[PDB]
Structure formats: structure tokens, C-alpha cells
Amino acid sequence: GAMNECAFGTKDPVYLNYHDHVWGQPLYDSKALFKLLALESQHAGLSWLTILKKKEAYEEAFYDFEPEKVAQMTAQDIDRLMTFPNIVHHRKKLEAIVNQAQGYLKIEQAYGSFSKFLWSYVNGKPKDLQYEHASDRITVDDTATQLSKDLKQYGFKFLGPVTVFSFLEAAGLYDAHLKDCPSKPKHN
């Protein structure tokens, strides 16, 4: 039915729990948003479920994505992570998270809150994309393109427009659930 169409055809409870409890569900906590963003940056070349299943390994490797701690990681820390089990052993991908954490800190210095910075891109409330079929879905748009360009100036890496669009859907700044999906959030 609708949930199958909405949730990328999966019957995996890990992915379904993610669909129901995280994906497209508005998230306002700054450190939690950073986490989703950093995980999205690890996707390219792999399946998304692959990254999802590596989440706990990443949390251990990156101090539960606490940006103050991640931003201080050294080349020697990355050397160590290249053989840490069950994260993606892609050196630029791992280095990118450290750079992202530095950029988060710069944003917070200028704007107070990474969450307030991000939510501004949708005027403070979730944009319902109003999809009816999975075939309606696009992979990038103007807002994601702008946010991608803007993050670069603060030192974020591995976050192109398509990747940022995926993050907006995941964080619930965009609601990409189908109209009849039982997990579609209510809006006001």
C-alpha cells in the first residue's frame, strides 16, 4: 500500500522505524540536525540503508556527533578511524565530517543556533511537498542548491545540492511523505 510506496519498498524494521520516527519528522535540535547532515554526507556511492546501519559505529567514531569535540579531531584521529570497524573507510568522507563540525561552530557564532540558521531556509515551518506518488519525487531544488552553496563558505564538505535536498527531507524541513502514507506528519 501507501507505506510501501513511500518508504522505498522496504520491509526492514530498521528502515521502517527510521521512516516512521525520523524521516520527514520536523527536527529542531541543533546538534541532532548536525548529526543527520553529517550522515547524509557519507552516502555517495553507497545505499542509504547501508549508512543507516552504520549509525552506531559513526556515533562511537565521532563522539556522538558533538560538534565541539568533532571539530577538534586531528589527522592522527582520522588515521585511527581508517581502520575503525563499520564506518565508511573513505578518507575524504571522514575528513569532511570534521570540516562540517568546524562550519557548524562558525554558523553558531554568527547566528546563535544552527537550527535557527537552517529553519530560516523554509521560513521556520516544514514545507509540505504534497506528493501523491513516489514518481512525483524530485531529487534537488533551488532552496537545497542555495543551502549547499551557503554551507561551503563556512567550510562544509561533501554536501552538494542533491545531498542537501536529501537532508532537508530527512530532517523534516521538507515533508516528502506521500499523501496516504500512514507516517506522514500532520501540519499546521
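One rule holds for the numbers: they count along the sequence shown, beginning at 1.
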Quiz item: Taking only the CA atoms, which stretch has the higher mean B-factor in the record, 57-65 or 142-150?
Solution: 57-65
Quiz item: Averaged over C-alpha atoms, is the B-factor higher for 30-38 or for 123-131 in this PDB entry?
Solution: 123-131
Quiz item: Per the entry, which of 96, 75, 105, 118 tops the list for Cα B factor?
Solution: 75
Self-check item: Third of chain Cα B-factors occupied by residue 12
Solution: highest
Quiz item: In terms of the CA temperature factor given in the entry, to which third of its chain does residue 86 belong: lowest, middle or highest?
Solution: highest
